[PDB]
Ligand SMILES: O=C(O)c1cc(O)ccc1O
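To begin, one chain is listed below as structure tokens, in the form deposited without the ligand.
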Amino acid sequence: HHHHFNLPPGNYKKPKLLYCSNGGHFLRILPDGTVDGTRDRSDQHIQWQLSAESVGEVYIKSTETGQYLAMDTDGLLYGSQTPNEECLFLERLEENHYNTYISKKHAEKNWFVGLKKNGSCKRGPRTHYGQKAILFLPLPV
């Protein structure tokens, strides 16, 4: 393993909103695959269903569009129609409270899912332990 194994105390029984404390944005993915963050809780593209493939390994899927959140070879988040190795994330507890998501594919480089204060997604190499951009709080829908 290249990462710790502190896991968040929760399940995948129901869909969730992925709230980012950094700028207070909900993770969003449009039908065309555009990924970003919005503070509009009425938005119809911020609902996600997570599922575990292995303990601590999750798929993060848009309930509205059916797309899987994924990070590409350049560290850009995108929406994949079908599950692939770029769609798996290591879901972990952080600062004993939040959830972080590390790209399994690029785990050795510590590339995380993250949102800047202006609501734009961070590129993998620009993320790292210690940022508020990578801290999420799963909220009920």
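Numbering starts at 1 and runs along the sequence shown.
The form deposited with the ligand bound is left out here; the points below concern that form.
Using the site C-alpha superposition to carry the ligand over in the bound PDB entry, what's the verdict for this chain: open, or blocked with 3+ ligand atoms inside 2.4 Å of backbone or C-beta?
If you fit the ligand onto this chain using the C-alphas around its site, the pocket comes out open.
Decide whether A133 counts as a contact residue for the ligand in the bound PDB entry under a heavy atom distance cut-off of 4.5 Å.
Close contact exists here: in the bound PDB entry, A133 approaches the ligand to within 4.5 Å, heavy atoms only.
Considering non-hydrogen atoms and a 4.5 Å limit, does the ligand approach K16 in the bound PDB entry?
Outside the cut-off, so no.
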